[PDB]
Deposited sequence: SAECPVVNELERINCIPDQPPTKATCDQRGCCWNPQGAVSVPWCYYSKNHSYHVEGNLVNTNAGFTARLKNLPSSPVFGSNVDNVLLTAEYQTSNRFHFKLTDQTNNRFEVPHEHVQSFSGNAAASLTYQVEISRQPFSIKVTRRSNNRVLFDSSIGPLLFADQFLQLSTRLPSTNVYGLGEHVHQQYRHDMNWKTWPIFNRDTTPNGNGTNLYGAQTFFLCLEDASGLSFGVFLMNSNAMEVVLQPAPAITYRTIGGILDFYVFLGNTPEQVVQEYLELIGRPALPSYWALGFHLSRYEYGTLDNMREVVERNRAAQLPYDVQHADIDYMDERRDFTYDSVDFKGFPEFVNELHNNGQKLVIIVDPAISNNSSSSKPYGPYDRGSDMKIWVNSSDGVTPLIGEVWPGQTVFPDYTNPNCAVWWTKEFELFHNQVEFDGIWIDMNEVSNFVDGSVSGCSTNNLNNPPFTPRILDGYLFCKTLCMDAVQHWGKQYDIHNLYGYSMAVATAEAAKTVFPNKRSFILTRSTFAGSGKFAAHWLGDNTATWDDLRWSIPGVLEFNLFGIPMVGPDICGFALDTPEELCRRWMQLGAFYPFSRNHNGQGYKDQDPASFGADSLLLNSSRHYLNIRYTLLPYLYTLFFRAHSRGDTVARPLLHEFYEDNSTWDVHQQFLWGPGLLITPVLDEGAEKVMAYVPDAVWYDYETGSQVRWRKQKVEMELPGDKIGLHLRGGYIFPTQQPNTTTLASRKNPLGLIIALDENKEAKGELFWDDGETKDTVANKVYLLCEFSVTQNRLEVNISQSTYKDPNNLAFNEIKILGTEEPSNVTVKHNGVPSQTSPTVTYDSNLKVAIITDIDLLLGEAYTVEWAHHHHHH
């Protein structure tokens, strides 16, 4: 079976002599089927018996090209929970680099009631994880060898299906991985997210596999921060091939795909609950140039009444692109503008780069450099004593070593000092791969096994130190070779630590470019420097879905496209979709035509449609916020693939041009130039048009959805109750408004929903239980508002003043009881054609239990 051959010459075009040299098999009978492949027996074997331990078992593995092979390998397996299996493969005799991650070591006894069983084979070594309930083989290394050299470690697994989702950071273009022969390199790199499928800004080894239509799913995570590649083949099978550290694997079983994400996030860390304001709309560009220009853009979008919470300021606010300064001429009056923003209920987020100008003297001192030098907190060259010099925006630079706890002290004080001048509200950390305009350093990199390893994965440009730091550079956590992929992660950890001081008791907002597994505990993510093309629009959906799997649910691209002038039609469709990315920001590159919504004209279709859909986003913010609460507390996704709700239906398995907000809201954008319709899949559920309330005819079928220039498809799922709040142009204001309920009835006239409500900004409202959690349930004739947690009463005296019911016969004699005690008659408006009832003249106070009853 050619589909099962594991490639033995991953480094060069295949030849018989090399193959012979490697003791592999040769069979040149493509495309991509390996000509040279590992023999069926020629790997590691178990030495002696396995050893029962308290956590699981250990085995000793012994071996009979890419550096020193490790002769004796220790397998350590731990039955951590009923649904999480952990195994490490280490050097029996030498300690090796391991990621200094949230994840703690396991000091436990083996969990009870396992959903999985593990089987080890001895001659040759293989590891298999099967699901106990149906003996479905989930992990199975037997397809390939274990390879364990100092700078080349490889393990493969067969997969039980081709329903495979995950890996990053890349532009995959499709959400489902085909399992056609494909190699995905992972090594944090500043590169364009384009159709080339290169390594991008972040490193995410997690994948999820939907096993079958029952929903049974599993996930695999590799805890490894060295450059690596993930090799996919049609067996189906996946191979991990890394150039350092150890093979430290976790396997997660769930009954559903969402349960798999929850298991993964339980291990690596669930996402931060964002500030409610950060759910609003964000506007930004590279190079307004002057404060006057920035204010002009701010004012025209406010004039247009655009829902608009946050303004970002990019490196043009700085004095010559230097951190923690502003330009006293072009940005003269920045403090008064920040007061203006605040007074208008808006927030300022500032960009902050890691790299710190080293240009400092008696004449013109640069404080951040002087103070950081005093603290000795920079990344050093291999000599371990001289700060590494590279180049970024301000010129020659040194780079903070965020892995050193003293650096976060330095960093905090810098933000403290700057915040005294410019009262920013959130922080955008960029260029933190880390990105270097020179290769390695201003003196390049020394030739050695770190900078020039035996094997290099197929990373962009084919050198590790390309546009980053020397691999032999030295930080508190180790050498750059091992911790390069942790730069952005440690930076976000440190920036969150700074936020503890700058915004006491607040969440604030942190947006990061580079990430590692677990970055979502600290920061939001955006998909980087995209381009104003229809390709980039389409590619954004899988990227958003993937980051939700990764526990970074607040994710979005640069709406309308960073690079290039945006066509009006593309920007209009992108704003329409953009009103529904979990992170919604319009951002633009240097020099390009303006693409802020109001720049298209005060009476333009793009402005009108933008305002219209942003008003729907803001209306649905209580529902979106409640989704982020579930993501934070339980590990649920926010932007969700259809297959997560509809896995029983194999027509959902590669849908990637549509997605859900949580379980209940279906989003169908137009993603094709010139189009006024879209080919869409309608899952097996009752659906209601959001704007009209009318039940679609469609069910479990492909349709051509008619969507003119001012429309994006939005459908509400029957069985669900959506809390709403009357929109306004800021969430400061919107949070004071009356609330509503949209009850989308299922075929049985029933629905369920919930609402999380806290102060929208205090850190640890969830850990300290200072919040409201209520549940809504509808049966025929009755709505029940039930209160499950009631330790926060909003002092704005909020109430539900409207209930809209979809797919209903006329409700008559509506009664509102506050524990069996009625209170006068609400007004009911009924549309008998559309089957929509709207209950108004009602005053259901937030946090109070009610029963609303009717007859037919």
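Residues 1-7, 37, 73-76, 114, 837, 871-875 of the deposited sequence, counted from 1, carry no C-alpha coordinates in the model.
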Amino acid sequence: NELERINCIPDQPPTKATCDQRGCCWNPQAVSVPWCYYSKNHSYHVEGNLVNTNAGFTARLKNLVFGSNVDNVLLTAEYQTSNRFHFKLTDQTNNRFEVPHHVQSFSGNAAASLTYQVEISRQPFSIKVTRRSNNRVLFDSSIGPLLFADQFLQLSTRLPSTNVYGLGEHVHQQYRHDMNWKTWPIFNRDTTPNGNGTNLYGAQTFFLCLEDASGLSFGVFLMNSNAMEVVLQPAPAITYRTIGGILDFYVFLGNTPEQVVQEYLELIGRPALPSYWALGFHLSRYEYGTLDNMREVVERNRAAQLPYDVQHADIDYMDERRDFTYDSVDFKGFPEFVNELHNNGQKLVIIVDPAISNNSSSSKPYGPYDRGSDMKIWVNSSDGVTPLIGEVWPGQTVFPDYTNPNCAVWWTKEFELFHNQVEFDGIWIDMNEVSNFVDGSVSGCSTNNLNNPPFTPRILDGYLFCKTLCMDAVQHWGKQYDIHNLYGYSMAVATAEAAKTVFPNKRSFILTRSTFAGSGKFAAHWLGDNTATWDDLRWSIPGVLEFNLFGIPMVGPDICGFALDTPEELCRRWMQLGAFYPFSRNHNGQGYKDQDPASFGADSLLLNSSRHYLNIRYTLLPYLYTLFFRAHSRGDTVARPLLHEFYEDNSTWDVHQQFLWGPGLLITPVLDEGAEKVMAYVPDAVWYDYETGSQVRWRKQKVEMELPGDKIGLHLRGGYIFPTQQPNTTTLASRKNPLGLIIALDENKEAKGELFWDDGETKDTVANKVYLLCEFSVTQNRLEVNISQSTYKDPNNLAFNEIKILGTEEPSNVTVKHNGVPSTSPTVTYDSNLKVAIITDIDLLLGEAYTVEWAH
From here on, numbers count along this sequence of modelled residues.
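In this text, the rigid core denotes the largest set of C-alpha atoms whose superposition between the two forms falls within 1.5 Å.
Fitting each structure in 8 other deposited structures of this protein onto the rigid core and averaging C-alpha distances over structures and residues, 177-185 emerges as the more displaced of 467-475 and 177-185. Mean C-alpha B-factor is higher over 479-487 than over the other stretch, the pair under comparison being 479-487 and 543-551. Just going by the entry, 698-706 versus 720-728 on mean CA temperature factor gives the higher value to 698-706. For the set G518, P307, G168, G384, the PDB entry assigns the largest Cα B-factor to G384. Going by the entry's values, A767 shows the largest Cα B-factor out of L666, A767, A563, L146.
Among all modelled residues in its chain, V379 ranks in the middle third by Cα B-factor.
In the PDB entry, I350 places in the lowest third of its chain by CA B-factor. Ranked by C-alpha B-factor against the other modelled residues of its chain, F331 falls in the highest third. Per the deposited record, the Cα B-factor of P504 falls in the highest third when ranked against the other modelled residues of its chain. When the modelled residues of the chain are ordered by their C-alpha B factor, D758 lands in the lowest third.
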